[PDB]
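So this one's two forms of a single chain, laid out as C-alpha cells and tagged structure 1 and structure 2.
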Structure 1
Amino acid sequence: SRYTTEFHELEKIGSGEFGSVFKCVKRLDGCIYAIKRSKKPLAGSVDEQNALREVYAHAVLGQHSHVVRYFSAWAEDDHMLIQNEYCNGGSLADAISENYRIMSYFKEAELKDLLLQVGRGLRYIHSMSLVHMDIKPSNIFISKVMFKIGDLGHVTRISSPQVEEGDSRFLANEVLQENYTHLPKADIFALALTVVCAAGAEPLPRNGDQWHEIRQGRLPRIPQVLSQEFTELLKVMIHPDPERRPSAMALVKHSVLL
C-alpha cells in the first residue's frame, strides 16, 4: 500500500463510524501529517459525491493560513485517504474540555483572536463561492496559537439547492428549514456558538426548548464578564434573520476586532 510504504504511522488521534485519523511521518520528507483513512464509498453513490467534494474543496482551499493545508488524497483497498497538515495543539473541542475541568476559559482577548482567525478562514472559503456547513470546535485545529478550519466534509458551493446539514448544536434554523438563500450566514451563526463554547458555556443543546431559544437570537449563558461591545457582536451573529448577521468580511473588519 502507498500508506504503508510512504508513511510511518506514529499514533491514532481520532476515531469514528467513518474514519480513523493517524499522525504519520512521511518517510521521504521527514514531516508529520494527519492522515484520515475512511472506507471507500460505493462508486456513483451520493456518498462518493460527498467524499469527493471534501477532496475538491481541499484542493481549492490550500492557500490559507486559517484552513488546514491539504497535501494529497488517494484510493487503495476499499479505503479513501486524505493527507493533511498536522496541527499539534489538537482540536478546539479538547482545549475547551480541558478548560471546563479547570474552570479557566478563553479570556476576552483570546476569544477575539479565535473569532478573528476563524473569521479570516471563513472569509477565504466564502470568497471561493463555498460554504463550510459544519463549523464547530471539533473541526477547528490549533497549531502564537493558530486556529485552522478543518473537516471539509460538508463543504458545498454557496448557491447549492441541496445541502447536507452540519452538527445540530451549531445548525442555524433557516438551514434546518431548508432555506439556502444565505448559506454563508449559517457559518457565521456556527462560529458565534463555537466562540460561546470557548468562552466557558455549558454543552450546547441538540434539540428541545433550549435549542429553539438560541435560534431566537438569545446567547447561551457565559460564565465570565465580557465587554458589552463583544457580547453584542456574538448576539448579532446568531440573529434569527440571516441578513442581520455580519458577512465574514464585515466580521474581520469589525471595530470590536481591531
Structure 2
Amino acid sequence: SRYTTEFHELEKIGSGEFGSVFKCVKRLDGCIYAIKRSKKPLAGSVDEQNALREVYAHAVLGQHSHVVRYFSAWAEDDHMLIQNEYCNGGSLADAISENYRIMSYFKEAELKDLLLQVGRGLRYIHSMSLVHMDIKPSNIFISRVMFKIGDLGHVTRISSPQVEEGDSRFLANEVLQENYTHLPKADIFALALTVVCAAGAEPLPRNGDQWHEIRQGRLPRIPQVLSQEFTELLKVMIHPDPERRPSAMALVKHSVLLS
C-alpha cells in the first residue's frame, strides 16, 4: 500500500461523510501532511463529481499562500487518498468553537486580518477563472498566523459552472435562484458571513425567516463593538445585488482592511 509505505499515520484529525483525515508524517521528508482517505465514489454520483471538481481544481491552481497546498492524490483498495498541507491550527470552525468555550474572541483587528487573508486567496482563485462555492469556517484552515482556503470539492469554472450548491447557511440567494452569472460574488457573500461567525454570531440559519432576512442584506446580530465602517463593509458584502458586492480584488485593496 502506497499510503502505509510512504507515510506513517499519527492521528485522526477529521471524520464525516467525506471519510477520514489523518495527520501523517511522510517518511522521506519527515514533514507533516493532512491525508484524506475516503471510499472511491460510485461512478456517476455526486460524490464522484465533487471529487473531480477537486482534482481538476488542483490541476489549475498550483500554489498560493492563502490556499491549502495540494501535493498528490491516488487510489488504492477502492479508496481515494488526497495529500495536502497540514495546517497546525486546525480550521477556523474549531477555533471559533474554542473561543465560544475558553472563553476568548476575535476582535475587530483580528477579524479584518481574516477578511484580508481569505480575500487574497479568493482573489487568486478568481483570477484563474475559478470559484470556490463553499466558503465557510470549516473550510478555512490556520497555520501558526496564516489563513488558508481548503476543501475544493465545490470549485467550478466561472463559466461554464457545474454548480453544486454550498452550505445553505452561507449561500447567496441568486445562486439558490439558479443565477450563475456572477459566482465570484457568491464567494464574497460567504466570506462575509464567515467573518460574522468569527465575530461571535449565533449559529446561522439554514432556512426560514431569518435566513431570508440575511439575503435581504441584513447582518446577523453580532455580540461586540465593531466600527460603522467595518460593518458597512460586511453589509455591502451581502448586498442582495451581487454586482454591488466588491470583487475579491476590490476587497484586498480596501482602506478599511489595509493594512
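Each form is matched to the other, and the largest set of C-alpha atoms that superpose within 1.5 Å is called the rigid core. Residue positions are counted from 1 along structure 1's sequence.
Superposing the rigid core between structure 1 and structure 2 leaves a single residue from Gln224, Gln49, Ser227, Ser65 with a C-alpha shift of at least 2 Å: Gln49. For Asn179, the Cα coordinates differ by under 2 angstroms between structure 1 and structure 2 after the core has been superposed. Positional change of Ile102 between structure 1 and structure 2 reaches 2 Å or more at the C-alpha, relative to the superposed core.
Core superposition places the Cα of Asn88 0.5 Å apart between structure 1 and structure 2.
On a core-based overlay, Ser160 has a Cα shift of 2.3 Å between structure 1 and structure 2.
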